[PDB]
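*Asks:* So I've got this experimental structure, pasted below with the sequence.
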Amino acid sequence: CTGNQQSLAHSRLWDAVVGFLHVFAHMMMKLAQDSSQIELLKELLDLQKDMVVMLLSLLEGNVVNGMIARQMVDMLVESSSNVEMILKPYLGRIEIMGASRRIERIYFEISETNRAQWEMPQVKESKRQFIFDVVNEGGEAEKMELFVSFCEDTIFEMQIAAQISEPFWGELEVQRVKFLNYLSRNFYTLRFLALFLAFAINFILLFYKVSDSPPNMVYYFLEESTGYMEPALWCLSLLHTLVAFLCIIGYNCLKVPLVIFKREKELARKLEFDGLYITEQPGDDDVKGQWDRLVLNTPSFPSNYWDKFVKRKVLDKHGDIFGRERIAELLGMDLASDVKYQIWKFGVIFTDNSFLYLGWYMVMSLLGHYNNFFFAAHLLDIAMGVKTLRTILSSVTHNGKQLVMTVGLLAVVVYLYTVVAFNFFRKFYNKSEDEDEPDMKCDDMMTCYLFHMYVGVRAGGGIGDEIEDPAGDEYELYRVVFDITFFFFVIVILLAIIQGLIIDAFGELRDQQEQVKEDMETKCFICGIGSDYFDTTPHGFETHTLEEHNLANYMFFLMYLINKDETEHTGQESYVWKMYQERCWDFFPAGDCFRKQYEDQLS
Amino acid sequence: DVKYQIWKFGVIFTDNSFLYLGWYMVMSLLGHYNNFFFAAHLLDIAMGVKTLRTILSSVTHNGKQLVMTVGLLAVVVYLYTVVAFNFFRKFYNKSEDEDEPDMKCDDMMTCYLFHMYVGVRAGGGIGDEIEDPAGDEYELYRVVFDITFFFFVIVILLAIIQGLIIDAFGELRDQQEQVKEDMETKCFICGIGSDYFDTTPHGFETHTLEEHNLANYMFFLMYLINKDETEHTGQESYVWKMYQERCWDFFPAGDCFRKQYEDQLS
Ligand SMILES: Nc1ncnc2c1ncn2[C@@H]1O[C@H](COP(=O)(O)OP(=O)(O)OP(O)(O)=S)[C@@H](O)[C@H]1O
Ligand SMILES: Nc1ncnc2c1ncn2[C@@H]1O[C@H](COP(=O)(O)OP(=O)(O)OP(O)(O)=S)[C@@H](O)[C@H]1O
Ligand SMILES: [Zn+2]
Ligand SMILES: [Zn+2]
């Protein structure tokens, strides 16, 4: 409140402020020596804690060269010795647009665990993927919503990672929790172990031979000299199945909670700020909404989302105009005041692509015992495991639609050439030199089309190198046109199109990466002001991005708000929390910053 | 000083260029044992000529990607070997003589070797190296097998290598263009763009060649090094001291003489 701050500043508080620092230093040093004064020491401790929080509260909505700011340093000078005597990386600085439409700076506290989790390599990879996704294909209007959602996902990741971190019914729970946390910690280690076991099993299978005689009926036996390969194969297969099972369990205990949290978050936001099942009521096409209908009335709908008051919020949002009893029936809440939820959660899990892939890996691992060569399908995991192979195959899969369409075009044009050759060139397609059994491969539309699509596309010269030479014939001049047109159009152009598509995919991915990097290094992520503005002072842009508008600082502040009790929020903290509740991202500085507003005072 | 000499020789023996020259000497010595060992000295054209270095830089720019795509080729050919071995053993008869039937897919190692060699080294894949499946139960499966082999291995998995090389050429070329553009649009020392200096005619050229010439900075640093410290002037002593503590604040960053004194100069 502007009035109260200036009333306190223009009073005798500051004279009374220096009545304690003298005490807070000398009396503390007096009481520290005697071990019997610990309780009085702690009383003075929380007394000065209240004092310092009051002083911080006085510096709320501060303006550079303001009356309160200039008055504080005077008091600091008058009692400097007491400050030095009382005194004898974690600070988080962000800038918001406060209720006064003026940029303000907020300082808070960051714990060591949060920073350590932020510097973890997997969190770094998630941040890089999010940055690329937003910069490449994103909108400026919805950039802040995506950023806040990513921050929420990162905070939930931090929470579950901290939960799983490790520093007859009684022992059962302890052993089960320890086992599950051990699996969750080493999910990627188990994935790599499964991949290595796949290579080992395939290498063992590389020593296979087949014979009619025991190691017509065919016997499937592995032949080698050492004699130790079959016990190794047996043990490795029974170990690989167990490893795949452990991988699925670790995925369930590690990555499923993120999916459940995201689903509950989107459902709660749709219920509150959209009225999906209140107004929209999707008919049949939104299968996601159709399956989400079953969780509305569950007693524990927001189990993972930290929004337990979502039912009350949606009630206050809609019931006053829409009705009270129907909302209670829909949400399954008693106004006076869990098989279905488990079914919904399992249905959500079974829709997830990664869980399905792990289930398919387990299925093939099980079937590998029926036939050992089913373990060869696990080498496909190298595509989804290694980043380099993913980036290489991204060039192929970037233009998958175009590749399919050009294959269809190849099929159509070869069908046209088949029609022409079948109607005019049936004689030449004699693949048998024996006059006893003339083998015509173009006396049938299906056979001629198969012959064309197979050999004329699989050959280097087209179809003129697979059929009879038309020299010394009536249709020689027509056949030389036919074969050469086939060559030029199908073999040359219609197979250079595929190579051009792949090369253009490589180029597009490379220039997308370059564009994302250039945009990141030339503009600020939060405010969008270009680096040319900040480069007036030396290292201005670097300092701005790393300290003033660090997105990591914004994530840390949002986590700080989430894990802090709402009753203890300060003015700016309460304002930002309220703006969070209504999902208004106006407090993010857009086009403005602290130094831009106060250039005159800073220069 | 035996220990210092030992350390110096250990440092020398780690250097790549000295090792390359030692290997050249070793092959030169062995060429007397067998004259054809002198053929390995033609590899020196790669490390000698600048043009060959630039040409081979396109190949070596994506060496990791090329190795990884060769490994992917090996894996996919192994998969096709597994399928053909479990279902297409009959067709891999490379001997027409009935007396000695030569099956090249009755063994996993032999079939994998046959695939990796001829099916990748042939223009049509593996359908042009084995028996024609016409008039057979598995004809419709074999035509899918050979054509998938062709499309995936021969076409796509060898166009990936060409695309990698072409993208390497493009990346090197655009890197050179970007370096040139950055050099000609901004000052190396202060970073102020050429648009500021271009108000006066030839302003950027004069600025770079005289006011903020990096050659002049190197000459000044050499002048400080070879001059006696007792004879340093005020600015010389200040710059020498800043050199001692490795503080590069004296380099003008974002500021220059004309920018500060525009009012007096204009
Ligand atoms: N709000 C922002 N927070 C952080 N970096 C920003 C921001 N806006 C722009 N940038 C720029 O983003 C660039 C890359 O971000 P960095 O913080 O350097 O992280 P990084 O280099 O991508 O990867 P690491 O391993 O975390 S250092 C920097 O050069 C910053 O100048
Ligand atoms: N501090 C700097 N010193 C020299 N050139 C600079 C500097 N800052 C920017 N440049 C620009 O760098 C460009 C290339 O440098 P030049 O001095 O012209 O040398 P060069 O053309 O690369 O090769 P040569 O053979 O030495 S002329 C020029 O167009 C300058 O404008
Ligand atoms: Zn900014
Ligand atoms: Zn300059």
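*Replies:* Happy to help now that I have it. Numbering: from 1, shown residues only, chains lettered A, B, ... in the order given. Ligands and ions are numbered 1, 2, ... in the order given.

*Asks:* which stretches of the stretch 1-150 of chain A form helices?
*Replies:* Under the criterion DSSP state H, counting those that start in this stretch, the stretch 1-150 of chain A contains helices at A:2-9, A:13-17, A:21-33, A:38-58, A:67-78, A:80-87, A:112-118, A:121-136, A:143-164.

*Asks:* so which of the ones you listed gets nearest ligand 1?
*Replies:* Nearest to ligand 1 among the helices of the stretch 1-150 of chain A is helix A:121-136; the distance by C-beta to the nearest ligand atom comes to 5.7 Å. Bear in mind the C-beta positions are built from the backbone N, C-alpha and C, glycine included.

*Asks:* what about that closest one, distance to the chain center?
*Replies:* Its chain's C-alpha centre lies 7 Å from the corresponding centre of helix A:121-136 when counted by C-alpha atoms, centre = their mean, to the nearest Å.

*Asks:* Tell me what angle that helix forms with helix A:143-164.
*Replies:* Taking axes from the mean of the first three to the mean of the last three C-alpha atoms, to 10 degrees, one finds helix A:121-136 and helix A:143-164 inclined to each other by 170 degrees.

*Asks:* Flag every buried residue along helix A:121-136.
*Replies:* Neighbour-count burial for helix A:121-136 flags A:123, A:127, A:130-132, A:134-135 (criterion: 16 or more other C-beta atoms under 10 Å in any protein chain shown).

*Asks:* out of those residues, which touch ligand 3?
*Replies:* Among these, not one lies near ligand 3 by C-beta under 5 Å from the ion.

*Asks:* Distance to residue A:315 for those residues - can I get that in JSON lines?
*Replies:* Below are these laid out as JSON lines (distance: C-beta to C-beta, whole Å):
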{"residue": "A:123", "distance to residue A:315": "36"}
{"residue": "A:127", "distance to residue A:315": "37"}
{"residue": "A:130", "distance to residue A:315": "34"}
{"residue": "A:131", "distance to residue A:315": "38"}
{"residue": "A:132", "distance to residue A:315": "40"}
{"residue": "A:134", "distance to residue A:315": "34"}
{"residue": "A:135", "distance to residue A:315": "39"}
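
*Asks:* Quick check: phi and psi on the closest residue to chain B within the stretch 51-200 of chain A?
*Replies:* In the stretch 51-200 of chain A, the residue found nearest to chain B is residue A:199; the distance is 9.8 Å by C-beta to the nearest C-beta. Dihedral pair for residue A:199: phi -60, psi -40, per degrees, to the nearest 10.

*Asks:* Next one: it relative to residue A:207, how far apart?
*Replies:* Note on residue A:199: its distance to residue A:207, by C-beta to C-beta, to the nearest Å, is 14 Å.

*Asks:* For these two, indicate the residue with more neighbours.
*Replies:* Taking neighbours as other C-beta atoms under 10 Å in any protein chain shown, residue A:199 and residue A:207 compare with residue A:207 leading, 17 against 13.

*Asks:* quick one: contacts for that one?
*Replies:* By C-beta atoms under 8 Å, 6 or more residues apart in numbering or on different chains, the contact list for residue A:207 reads A:222-224, A:229, B:108-109.

*Asks:* Surely residue A:37 touches residue A:28?
*Replies:* No: if you go by C-beta atoms under 8 Å, residue A:37 and residue A:28 don't touch, sitting 9.4 Å apart.

*Asks:* anything in contact with each of those two?
*Replies:* Counting by C-beta under 8 Å, 6+ apart, nothing touches both residue A:37 and residue A:28.

*Asks:* Give me whichever of the helices of the stretch 1-150 of chain A is most buried.
*Replies:* Each of the helices of the stretch 1-150 of chain A was scored by mean neighbour count; the highest is helix A:143-164, a mean of 18, by mean count of other C-beta atoms under 10 Å in any protein chain shown.

*Asks:* Send me it as PDB with only the CA atoms.
*Replies:* The C-alpha coordinates for helix A:143-164 follow below in PDB (Å, rounded to 0.1, in the frame of the first residue of the first chain):
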ATOM      1  CA  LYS A 143       4.300 -19.000 -25.900                       C
ATOM      2  CA  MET A 144       3.800 -18.100 -22.200                       C
ATOM      3  CA  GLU A 145       1.200 -20.900 -21.700                       C
ATOM      4  CA  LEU A 146       3.500 -23.500 -23.200                       C
ATOM      5  CA  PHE A 147       6.400 -22.200 -21.000                       C
ATOM      6  CA  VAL A 148       4.300 -22.400 -17.800                       C
ATOM      7  CA  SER A 149       3.200 -25.900 -18.800                       C
ATOM      8  CA  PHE A 150       6.800 -26.900 -19.300                       C
ATOM      9  CA  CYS A 151       7.800 -25.400 -16.000                       C
ATOM     10  CA  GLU A 152       5.000 -27.400 -14.300                       C
ATOM     11  CA  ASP A 153       6.200 -30.600 -16.000                       C
ATOM     12  CA  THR A 154       9.700 -29.900 -14.900                       C
ATOM     13  CA  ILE A 155       8.700 -29.300 -11.300                       C
ATOM     14  CA  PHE A 156       6.700 -32.500 -11.200                       C
ATOM     15  CA  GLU A 157       9.800 -34.300 -12.600                       C
ATOM     16  CA  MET A 158      11.900 -32.800  -9.900                       C
ATOM     17  CA  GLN A 159       9.300 -33.900  -7.200                       C
ATOM     18  CA  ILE A 160       9.200 -37.500  -8.300                       C
ATOM     19  CA  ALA A 161      12.900 -37.700  -8.800                       C
ATOM     20  CA  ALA A 162      13.400 -36.500  -5.200                       C
ATOM     21  CA  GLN A 163      10.800 -39.000  -4.000                       C
ATOM     22  CA  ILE A 164      12.600 -41.900  -5.700                       C
END
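
*Asks:* For the residue of the stretch 1-150 of chain A found nearest ligand 3, grab the count of nearby residues.
*Replies:* Proximity of the stretch 1-150 of chain A to ligand 3 (C-beta to the ion) peaks at residue A:95, 8.1 Å away. Here the number of neighbours of residue A:95 (other C-beta under 10 Å) works out to 23.

*Asks:* wait, what's in contact with it?
*Replies:* A:103-106, A:548-549, A:589, A:593-594.

*Asks:* Spatially central, which residue of chain A would that be?
*Replies:* residue A:126 (5.3 Å; C-alpha atoms, centre = their mean).

*Asks:* Quick check: closest non-adjacent residue to that one.
*Replies:* residue A:154 (6.7 Å; C-beta to C-beta, 6 or more residues apart in numbering or on different chains).

*Asks:* following the helix or strand containing residue A:556, which helix or strand comes up?
*Replies:* Take DSSP states H and E as the rule and residue A:556 turns out to sit in helix A:551-563. Downstream of helix A:551-563, the first helix or strand assigned by DSSP H and E is helix A:571-581.
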